[PDB]
Amino acid sequence: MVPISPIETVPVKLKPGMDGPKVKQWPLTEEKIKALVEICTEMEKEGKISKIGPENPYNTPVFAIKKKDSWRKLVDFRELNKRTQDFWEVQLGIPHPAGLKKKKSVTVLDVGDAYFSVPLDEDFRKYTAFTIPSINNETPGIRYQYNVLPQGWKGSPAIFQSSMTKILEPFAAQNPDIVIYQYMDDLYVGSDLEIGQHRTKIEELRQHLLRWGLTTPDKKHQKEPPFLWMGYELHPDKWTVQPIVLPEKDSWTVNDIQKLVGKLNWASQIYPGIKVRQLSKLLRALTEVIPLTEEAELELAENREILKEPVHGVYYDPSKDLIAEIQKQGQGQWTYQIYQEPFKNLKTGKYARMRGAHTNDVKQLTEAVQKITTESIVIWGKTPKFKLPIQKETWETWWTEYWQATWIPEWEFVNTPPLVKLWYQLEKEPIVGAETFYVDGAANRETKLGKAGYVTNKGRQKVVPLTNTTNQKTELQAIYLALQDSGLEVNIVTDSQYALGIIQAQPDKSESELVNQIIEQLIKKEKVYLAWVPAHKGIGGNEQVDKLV
Amino acid sequence: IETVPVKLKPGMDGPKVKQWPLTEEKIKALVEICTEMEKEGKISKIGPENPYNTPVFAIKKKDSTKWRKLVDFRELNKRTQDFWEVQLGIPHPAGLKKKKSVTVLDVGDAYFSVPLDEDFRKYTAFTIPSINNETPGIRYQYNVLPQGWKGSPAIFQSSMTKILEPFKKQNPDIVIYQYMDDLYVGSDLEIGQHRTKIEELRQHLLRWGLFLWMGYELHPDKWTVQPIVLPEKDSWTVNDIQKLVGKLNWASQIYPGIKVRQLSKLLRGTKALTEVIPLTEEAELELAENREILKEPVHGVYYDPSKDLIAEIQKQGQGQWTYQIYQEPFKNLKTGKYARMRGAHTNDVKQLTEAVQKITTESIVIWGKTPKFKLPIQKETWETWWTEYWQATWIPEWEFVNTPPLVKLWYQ
Ligand SMILES: Cc1cc(/C=C/C#N)cc(C)c1Nc1nc(Nc2ccc(C#N)cc2)nc(OCCCN2CCOCC2)n1
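Line order of the protein sequences matches chains A and B. Residue numbering for the first sequence is -1 to 68, 71 to 284, 288 to 552, as defined by the deposited numbering. Residue numbering for the second sequence is 5 to 214, 227 to 428, as defined by the deposited numbering.
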């Protein structure tokens, strides 16, 4: 007998104040009971379980399920899981193919044997107790408890991975010419070694695993490239998403679009130029059929054009530079590609604007850059160089005059329309020679009736009456009137902190049709100076009296 | 050699804070650092039975080429029991902010000599993440007092007190203050003899049994303060007078008898913004009386240790920043202005980050705790970049203002 090393057990406890499961064992057919007894007899013979006396008060329901009409044992650990402590789950966040490195050889080994070589904490085994009902309920049912990590239990996947990692750790550290990764019951080893050396390293690994009594099926594993893994397709020199098929339908329900958006969202990480807004603006009742707008139908038609052919992403090469390029798609949609060599994307992606009342392209661009930056640190551990559709001069003007602090990491201008620009720019000082418009708005809170208008230094005046409106709309309306009736240069004086707060935010697009009209007016102007004064302070010009009525 | 019992607040479990993405350079540093701390018994690997986690990253202190490990114990700190010591609460040295020169020392390594309570160690767990989640993260927990934790100065306070006794009896004029991992030493001595007394102190610390070589010299007696000032012009345009009235109307929220009537009387009629307006006698008098009022202090402005300090920061452009510390609106305990050029000429975020640090440092000296910041920046921009420029061993709290405040130019 060759001495094998024990595997360190992990101290498991129940949540504070709680106790183990006490669930009644369900009555089983004589057919199923016979099946379970045989199974648990050899499991005991393998050391996976053990018979326990009447002392144990804990119980967990065990079922028997016909393995596709051929018996399988199924212990329902749902009650124990709710009462088991929280673990440090390590799978949280799967690797992304774009961050991996190409391998000449990637071998797979089965780790179904090593699972039952991981023992459970001695003081916790009692909580895993279950009963095999007796035939006709005429004897005390057979009581068992687990000795190894039970299938289905809360702590099993975490303890298994941490135990496997701890074993593979010296092998990985001493063999830096290979890479090892674990995916549920299977081990994946990759290397760029000469194939001869590669087969040996696998055997060394198998020999290393033997120290803990872990045997691989000593055979050439059927699994070979390409690998189907977490929705991806892994090839030795490239990667892609598992085939995206857009279904042909005359009737789309709420659920169908969710299936459509989800696939489009998933495919957007390698298929460039994927749009989803006009299909996401329909899900604003999964069986309810929703009519697809003409604007959305044209988007789906463009989607099928992009999903026409398979596209592949390359792997990461640490010796080269990392580049991210962004393009504006319109309607608050942005798309990007990340590459090292031209026309060879590591991955792609998209960004959608946040739900707000007002917004501009420069802000969205910044948000996209930050998202990509955060994603790129996760995947590659560094920040890509950016190629942006915005002039250097435009960015400088923006951030040196913006009230908030803002920053874009190292980037260059790429001239691929539609370019991002500033549409209007307010003056810092009053304009000499320009007509001065004192504007004001007011509305009766009850009748919803209100007035808006202005007075000027040249004697120009206007007051318009308005129905179905608020104080905030009439304040905005007043500014719009001044813009309409003024020349290319104009000074506007308002007491509305609300209006100022909006225009100081500098939107180029908005939900409110009122604000949009103002923006279209600002754009047409050569110079606009906005000035604020407090209300009701008897500041002449500020003519509340024309709107108070 | 013996540990002091530590627990959490009743009804609160340990911190379960996600580790945020780290760059390759910071991961390598943290690995290299944690390798050695494990060999020194400072930290120990842990298993999956430990669900608790606290973020970690890496910085470079003021003018240094050596990485420092920084743990974000902000969650653990607000969950660990209000650690009152045998001190019954140290009264914050109100003479510290009056000293001519204050140097700040890093006595963090001193904490590594005192062991941590075994039952509490599980709460200090942290993860060194891997790029792209390829390998599992390396999990450690502390075995000694961790830098950054609230209980570290409190526990070590019993030790630190009798370490500095030979220095405090010899120099009864020097004021010494300890916040977190930083030791604040202020004196009225000349900077030359100041640096010697500091060097004497760190050699007095190294001898006692404990990078304590870097110094951070402040000057509280030369610190910036801001009264409210109004313009002095020979010719006022309508726009000038309109901004003045706006500023006075705002200041009236702070000061009692502010009047704008006579000044507004000049604005009566609809004139051009750039038109010069001669001041009347009643207007000049009103403006004169208003200057007088603004020179006096604000009425009823006190500090309450049981309340939060709040800091507001405005970007003024051209590298300048203004800020106000208060607990009650219009009740400023401190105001200030910056214009620093520490390699941030083309970076708003680095400036803001240095501003937040400078304001926090000031706040520790004056009141002995950190303010809750309100930053003129989107959450997503700040969260992506502030760690790249952070050089302080502590970390304040902050929220984000998204609407442009009108009161920006009234502080410039
Ligand atoms: C996540 C992952 C999934 C699977 C399979 C799942 C299924 N089913 C398999 C592995 C092995 C990994 N882990 C991993 N994989 C790669 N690449 C890679 C390329 C192609 C294929 C295919 N086909 C598979 C993998 N690279 C790294 O790290 C980069 C180290 C850079 N080296 C270090 C040595 O000196 C040289 C530089 N880790």
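Using N, Cα and C, we set each Cβ at its ideal position, and we do this for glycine too.
{"Query": "What is the DSSP secondary structure of residue 252 of chain A, reduced to helix, strand or coil?", "Result": "coil"}
{"Query": "Count the other CB atoms, across all protein chains shown, that sit within 10 Å of the CB of residue 43 of chain B; report buried if there are 16 or more and exposed otherwise.", "Result": "exposed"}
{"Query": "How about residue 355 of chain B: is its C-beta nearer than 9 Å to some C-beta of chain A?", "Result": "no"}
{"Query": "Does residue 143 of chain B get closer than 9 Å to chain A when you measure Cβ to Cβ?", "Result": "yes"}
{"Query": "Does chain B have any CB closer than 9 Å to the CB of residue 419 of chain A?", "Result": "no"}
{"Query": "Mind checking whether residue 385 of chain A and residue 354 of chain A have CB atoms under 9 Å apart?", "Result": "no"}
{"Query": "Using a 10 Å radius around the Cβ and a threshold of 16 neighbouring Cβ atoms, would you call residue 370 of chain B buried or exposed?", "Result": "buried"}
{"Query": "By the DSSP assignment, the beta strand (DSSP E) with residue 439 of chain A in it spans what residues?", "Result": "438 to 446"}
{"Query": "Cutting at 8 Å between CB atoms, please list the residues of its own chain near residue 291 of chain B, excluding the five before and the five after it.", "Result": "253 and 254"}
{"Query": "Since residue 386 of chain B contacts residue 345 of chain B with CB under 8 Å, what's their CB separation in whole angstroms?", "Result": "In fact, because the Cβ distance is near 20 Å, the residues do not count as touching under 8 Å."}
{"Query": "Inspect the CB distances between the segment 537 to 547 of chain A and the segment 58 to 65 of chain B and report whether three or more fall short of 8 Å.", "Result": "no"}
{"Query": "So for residue 372 of chain A, helix, strand or coil by DSSP?", "Result": "helix"}
{"Query": "Closer than 7 Å, Cβ to Cβ, to anything on chain A: give me those residues from the segment 330 to 364 of chain B, in chain order.", "Result": "331, 333, 363 and 364"}
{"Query": "Pick out the complete beta strand (DSSP E) segments inside the segment 148 to 184 of chain B, 3 residues or longer, and give them in chain order.", "Result": "179 to 183"}
{"Query": "Mapping the DSSP letters down to three states, classify residue 274 of chain B as helix, strand or coil.", "Result": "coil"}
{"Query": "Say whether chain A places a C-beta atom closer than 9 Å to the C-beta of residue 119 of chain B.", "Result": "no"}
{"Query": "Are there 16 or more other CB atoms within 10 angstroms of the CB of residue 54 of chain B, so buried, or fewer, so exposed?", "Result": "buried"}
{"Query": "In the DSSP assignment, find the unbroken beta strand (DSSP E) run with residue 327 of chain B in it and report its ends.", "Result": "326 to 333"}
{"Query": "Taking contact to mean 3 or more Cβ pairs, one atom from each stretch, closer than 8 Å, check whether the segment 144 to 159 of chain B and the segment 180 to 199 of chain B are in contact.", "Result": "yes"}
{"Query": "According to DSSP, simplified to helix, strand and coil, what is residue 10 of chain B?", "Result": "coil"}
{"Query": "Inspect the beta-carbon positions of residue 244 of chain B and residue 263 of chain B and report whether they are closer than 9 Å.", "Result": "yes"}
{"Query": "Looking at the C-beta of residue 515 of chain A, does it have a partner C-beta in chain B at a distance below 9 Å?", "Result": "no"}
{"Query": "Alpha carbon to alpha carbon, how far is residue 97 of chain B from residue 319 of chain B? Give it in angstroms, no decimals.", "Result": "14 Å"}
{"Query": "Does any residue of chain B have a CB that is nearer than 9 Å to the CB of residue 132 of chain A?", "Result": "no"}
{"Query": "If contacts are defined as beta-carbon pairs under 8 Å, then residue 340 of chain B and residue 328 of chain B qualify, I think. What distance do you get, rounded to the angstrom?", "Result": "5 Å"}
{"Query": "Is the CB of residue 406 of chain A under 9 Å away from at least one CB in chain B?", "Result": "yes"}
{"Query": "Can you tell which of A/84, A/499, A/259 and A/529 has its C-alpha closest to the C-alpha of residue 546 of chain A?", "Result": "A/499"}
{"Query": "If residue 526 of chain A sits next to residue 513 of chain A, beta carbons under 8 Å apart, how far is it from one beta carbon to the other, in whole angstroms?", "Result": "Not really, about 13 Å apart at Cβ, beyond 8 Å."}
{"Query": "Pick from B/251, B/164 and B/241: whose alpha carbon is nearest that of residue 206 of chain B?", "Result": "B/164"}
{"Query": "What does residue 31 of chain B reach in chain A if we use C-beta pairs closer than 9 Å?", "Result": "384"}
{"Query": "May I ask you to report which of helix, strand or coil DSSP gives residue 499 of chain A?", "Result": "coil"}
{"Query": "Quick one: list the residues of chain A neighbouring residue 285 of chain B, beta-carbon separation under 8 Å, in chain order.", "Result": "543 and 544"}
{"Query": "Compute the minimum distance between the beta carbon of residue 112 of chain A and the heavy atoms of ligand 1, and state whether it is under 8 Å.", "Result": "no"}
{"Query": "Who are the near neighbours of residue 524 of chain A in its chain, counting only those whose CB is closer than 7 Å to its CB and skipping five residues on each side?", "Result": "483, 486 and 487"}
{"Query": "Leaving out the 5 sequence neighbours to the left and right, which residues in its chain are closer than 7 Å to residue 505 of chain A when beta-carbon positions are compared?", "Result": "361 and 518"}
{"Query": "Who are the near neighbours of residue 198 of chain B in its chain, counting only those whose CB is closer than 6 Å to its CB and skipping five residues on each side?", "Result": "105 and 191"}
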